[PDB]
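Some notes on the structure that comes next.
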Amino acid sequence: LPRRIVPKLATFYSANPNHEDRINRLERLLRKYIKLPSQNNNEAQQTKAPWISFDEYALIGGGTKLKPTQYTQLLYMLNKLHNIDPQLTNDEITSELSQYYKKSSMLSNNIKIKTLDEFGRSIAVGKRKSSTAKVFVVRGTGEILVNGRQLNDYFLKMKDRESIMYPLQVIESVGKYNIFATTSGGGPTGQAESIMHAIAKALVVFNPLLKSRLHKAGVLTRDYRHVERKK
Amino acid sequence: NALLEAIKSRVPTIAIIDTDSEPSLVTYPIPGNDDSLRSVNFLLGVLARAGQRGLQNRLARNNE
Amino acid sequence: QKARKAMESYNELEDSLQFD
Amino acid sequence: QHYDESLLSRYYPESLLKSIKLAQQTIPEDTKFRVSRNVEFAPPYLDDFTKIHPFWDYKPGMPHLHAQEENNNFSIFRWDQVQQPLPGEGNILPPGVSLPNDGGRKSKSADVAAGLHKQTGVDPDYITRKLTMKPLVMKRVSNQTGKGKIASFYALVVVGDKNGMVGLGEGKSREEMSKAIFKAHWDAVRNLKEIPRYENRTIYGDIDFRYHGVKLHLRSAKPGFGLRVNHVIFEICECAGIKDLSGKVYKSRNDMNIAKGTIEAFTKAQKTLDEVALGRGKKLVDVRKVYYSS
RNA sequence: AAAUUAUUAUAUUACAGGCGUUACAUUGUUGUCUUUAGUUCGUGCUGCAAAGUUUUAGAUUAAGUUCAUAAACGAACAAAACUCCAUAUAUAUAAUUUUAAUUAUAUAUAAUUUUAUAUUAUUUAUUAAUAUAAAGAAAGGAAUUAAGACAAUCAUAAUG
Ligand SMILES: [K+]
Ligand SMILES: [K+]
Ligand SMILES: [Mg+2]
Ligand SMILES: [Mg+2]
Ligand SMILES: [Mg+2]
Ligand SMILES: [Mg+2]
Ligand SMILES: [Mg+2]
């Protein structure tokens, strides 16, 4: 019957009672489920780790008192519980981990699978300096047209021609596709490399397994360099 | 620091007093090894269970 | 002269405020 | 949804019914309204827009960019008051803030009592009603810095309840002496101690105490003797509840060190008759008190 | 009910005007310039006290760069964050002859990237430097505090 006022958290007298209480809750789970094996897909580097930001955790983990090393300690325990084998996990672990996932999941993604159009053509756009290129890639025999003109006519420099061919040379498919490239703006180098960038982005639809090789060759990266007004 | 604050705040204190420790700084000293986790956890456990029995006796008198 | 004696009048003045 | 005139005529004013009828004849019932994610035309809340809000809408009759009255038909002829008072309660006082209607009514003792109660748990009523505060030293000190001489106010005060409890407090402030006294009063309450008193009027026997350079010689006195001691000791005795005392200060007569020495002497240099009796296992009798007993 | 008042012109006199004066004194202005994790304040603690607040002459980065730590803790302060631009993407708008839709410009999202592994160091651990593999379009800028000490006539604004 008699009532008294007491500190809410067992860690009240510590420097950061809120962070220590949360760490204790996670530590209990890691002790109760010490035996449960961890994922063997961790070697496969599963791409899932959407934990809240240091600033977002500061709302619940002491605010100003929160130290970066304290946030690092929270992530080491959230990941360890998360990496328990999915088949052998339980509700308790997932319930505790739910509160620490980024709330961006509230909404949805903005990416729709790219597919060939009604005529079997992969359409991609590329940009370099002030130049732009819209290419139409279809399965063919290596025919290329630039703005309706022969490649040797539009691009006089052999180095520009070699730049256009490089993405097809990486996937060793130079004679497997017909390319209809349309380009505008900038000069020969910007247009040739804008076409290079657009062909690489259009080739991924035909075989998405080759994206990693295209990325490694450097043809899927948009070159950011542009003329800078002297400051 | 904590012991001096306890004195200033009139908070009774218990502490494990090793041979190099000042006994008069605490209300109820417990002479004992403070360097071994076994000795510390043994003494802490005894004090913790004593507290538990007090808590259980307080919750029992409320029921009846 | 300034520093030492100035406060004699002010500290007594502080006591003036106390009654106020 | 399209509603019959009967229903709409029981909620909306007659003047607006024609507009509702025309809108229900131009917008098909199967209209799939889309939400605009570029321009926000409507407010962030629901509103039928049938009533003019006295604050959130333009004041009728006031000139403004979208005033529909002719320039010779405005109805604001007095300009001594604010035309549109704040809506609702009439204030925007932040939650947890109080309107400063009354200023200068605070009692520094009550400010000390409230702060100490929150910080240490002492009773505010005792501090504000039972304690008497007396400043003992008030001076200005100065520190020589690269920028120049930085002055500070130093205050030493004694507090007591005249019934055994006495405390000494010190305070410093670079701003004003009143702030230094507030801190000293705050410190003094935290240092409150009980001092033994023989018959609640004097000390037990005589005391020869050395506090730094101060030599204190205090002697107990008969009832009705009064306080015959250094002026600094007098104030402390008054607060503590000592009525009869004689004494002399030798060597250093620094006021600050006399006050601290006196407090220390009253606690560390006295022994009650009860404490002496228990330690020695003997009975100590006050002959003067027995002479007037039954 | 001819006097009044309005406008205009002329005249009258205080003046107006002055690229006259920094050997005309001050204020602005902007400049350069250091300072920009340091002050002040609150509380606590040490010293009788003036005062001090202690680890620390910390680690680390090109660099407050980033992170630790102490009888100190916190606030304000300002950096930083943030913010905008660029870039990538999504939605909306255009009856695709104002055509550049390969575009225009509103809104939103994204990174101050992330993960595994080996090597070398370490304060050796839940680590940095490295390389290797994987995911990714992701690679660049902008503005930003208050003081202190000093410069310019500003034909770039004032006041006497
Ligand atoms: K201080
Ligand atoms: K077009
Ligand atoms: Mg030991
Ligand atoms: Mg003139
Ligand atoms: Mg001239
Ligand atoms: Mg002191
Ligand atoms: Mg600090």
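Residue numbering restarts at 1 for every chain, and letters A, B, ... go by the order of the sequence lines. We use all heavy atoms of the structure for the numbers below, so side chains are in, but hydrogens, waters and symmetry mates are not.
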Nearest-Å distance for atom pair [atom1]/[atom2], residues [X] and [N]:
{"X": "A/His197", "N": "E/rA139", "atom1": "NE2", "atom2": "P", "value": "14 Å"}
{"X": "A/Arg229", "N": "E/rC85", "atom1": "CZ", "atom2": "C1'", "value": "11 Å"}
{"X": "D/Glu170", "N": "E/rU43", "atom1": "CD", "atom2": "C1'", "value": "17 Å"}
{"X": "A/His226", "N": "E/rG141", "atom1": "NE2", "atom2": "P", "value": "10 Å"}
{"X": "D/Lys139", "N": "E/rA51", "atom1": "NZ", "atom2": "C1'", "value": "12 Å"}
{"X": "D/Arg210", "N": "E/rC48", "atom1": "CZ", "atom2": "P", "value": "14 Å"}
{"X": "A/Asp55", "N": "E/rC82", "atom1": "CG", "atom2": "P", "value": "8 Å"}
{"X": "D/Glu264", "N": "E/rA49", "atom1": "CD", "atom2": "P", "value": "12 Å"}

Would [N] and [M] pass as a Watson-Crick or G-U wobble pair if both distances have to be under 3.5 angstrom?
{"N": "E/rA88", "M": "E/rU109", "answer": "yes"}
{"N": "E/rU66", "M": "E/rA59", "answer": "yes"}
{"N": "E/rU61", "M": "E/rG44", "answer": "no"}
{"N": "E/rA147", "M": "E/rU34", "answer": "yes"}
{"N": "E/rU123", "M": "E/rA137", "answer": "no"}
{"N": "E/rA76", "M": "E/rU39", "answer": "yes"}
{"N": "E/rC67", "M": "E/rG58", "answer": "yes"}
{"N": "E/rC73", "M": "E/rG42", "answer": "yes"}
{"N": "E/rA101", "M": "E/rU96", "answer": "no"}
{"N": "E/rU43", "M": "E/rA72", "answer": "yes"}

Given [options], identify the nucleotide with an atom nearest to the side chain of [X].
{"X": "A/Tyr76", "options": "E/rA50, E/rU126, E/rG141", "result": "E/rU126"}
{"X": "A/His215", "options": "E/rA81, E/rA135, E/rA138", "result": "E/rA138"}
{"X": "A/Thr69", "options": "E/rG136, E/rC67, E/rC41", "result": "E/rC67"}
{"X": "A/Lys127", "options": "E/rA49, E/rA88, E/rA50", "result": "E/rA88"}
{"X": "A/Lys211", "options": "E/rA137, E/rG44, E/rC48", "result": "E/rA137"}
{"X": "D/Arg37", "options": "E/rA68, E/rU91, E/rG136", "result": "E/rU91"}
{"X": "A/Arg222", "options": "E/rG44, E/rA81, E/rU87", "result": "E/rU87"}
{"X": "D/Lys183", "options": "E/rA88, E/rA68, E/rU43", "result": "E/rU43"}

Response to the item:
Taking for D/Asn38 and for A/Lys216 the nucleotide of RNA chain E with the nearest heavy atom, the one nearer the 5' end belongs to D/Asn38
Discussion item. Using heavy-atom distances to pick each residue's nearest nucleotide on RNA chain E, tell me which of A/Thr132 and A/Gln70 is more 5'.
Written reply: A/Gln70
Check whether any side-chain heavy atom of [X] lies under 4.5 Å from a side-chain heavy atom of [Y], and answer yes or no.
{"X": "D/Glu170", "Y": "D/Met256", "answer": "yes"}
{"X": "A/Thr89", "Y": "A/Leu36", "answer": "no"}
{"X": "A/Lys127", "Y": "A/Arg222", "answer": "yes"}
{"X": "D/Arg190", "Y": "D/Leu116", "answer": "yes"}

Worksheet item: Are A/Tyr177 and A/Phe206 near enough that their ring centres are under 6.0 Å apart?
Response: yes
Worksheet item: Taking the six-membered ring for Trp, are the ring centroids of D/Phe153 and C/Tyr10 within less than 6.0 Å of each other?
Response: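 Between C/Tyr10 and D/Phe153, which both carry aromatic rings, the centre distance is below 6.0 Å.
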Classify the nucleic acid contact of [X] as base, sugar-phosphate or nothing, counting any heavy atom under 4.0 Å across all strands shown.
{"X": "A/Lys231", "result": "sugar-phosphate"}
{"X": "A/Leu75", "result": "nothing"}
{"X": "A/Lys65", "result": "sugar-phosphate"}
{"X": "A/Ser131", "result": "nothing"}
{"X": "B/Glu5", "result": "base"}
{"X": "D/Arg190", "result": "sugar-phosphate"}
{"X": "D/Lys172", "result": "base"}
{"X": "D/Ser142", "result": "sugar-phosphate"}
{"X": "B/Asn1", "result": "base"}
{"X": "D/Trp186", "result": "sugar-phosphate"}
{"X": "A/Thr182", "result": "base"}
{"X": "D/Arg174", "result": "sugar-phosphate"}
{"X": "D/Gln119", "result": "sugar-phosphate"}

Discussion item. On a heavy-atom basis, which atom in A/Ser194 and which in A/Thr183 lie closest, and how many Å separate them?
Written reply: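 Taking A/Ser194 first and A/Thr183 second, the nearest heavy atoms are OG-OG1, 3.8 Å.
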Discussion item. To the closest 0.5 Å, what do you measure between CG (D/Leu156) and NZ (D/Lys134)?
Written reply: 12.5 Å
Discussion item. Going only by the six-membered rings, do E/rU55 and E/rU56 fall inside 5.5 Å on centre distance and below 30 degrees on plane angle?
Written reply: yes
Looking only at atom [atom1], what distance separates [N] and [M], rounded to whole Å?
{"N": "E/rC24", "M": "E/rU7", "atom1": "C1'", "result": "45 Å"}
{"N": "E/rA81", "M": "E/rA111", "atom1": "P", "result": "15 Å"}
{"N": "E/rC84", "M": "E/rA146", "atom1": "P", "result": "22 Å"}

Base of [N] paired with side chain of [X] (donor-acceptor, under 3.5 Å):
{"X": "A/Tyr224", "N": "E/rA86", "value": "yes"}
{"X": "A/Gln45", "N": "E/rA134", "value": "yes"}
{"X": "A/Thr72", "N": "E/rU126", "value": "no"}

Item to complete: Quickly, which of A/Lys65, A/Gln70, A/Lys67, A/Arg22 forms a side-chain hydrogen bond (donor to acceptor under 3.5 Å, both in side chains) with A/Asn16? Name it, please.
Response: A/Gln70
Fill in: Distance under 6.0 Å and angle within 45° of ring axis: D/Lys172 vs D/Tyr154
no
Discussion item. Reading the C1'-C2'-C3'-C4' torsion of E/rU96, is its sugar north or south?
Written reply: south
Worksheet item: In terms of the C1'-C2'-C3'-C4' torsion, is E/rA106 a north or a south sugar?
Response: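 The E/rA106 sugar sits on the north side, the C3'-endo region.
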Item to complete: Quick one: look up who E/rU29 pairs with, Watson-Crick or G-U, both distances under 3.5 Å, and put none if it's unpaired.
Response: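 In the structure as shown, E/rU29 has E/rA152 as its Watson-Crick or wobble partner.
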Item to complete: With a 3.5 angstrom cut-off on both distances, give the Watson-Crick or G-U wobble partner of E/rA118, or none if there isn't one.
Response: E/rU130
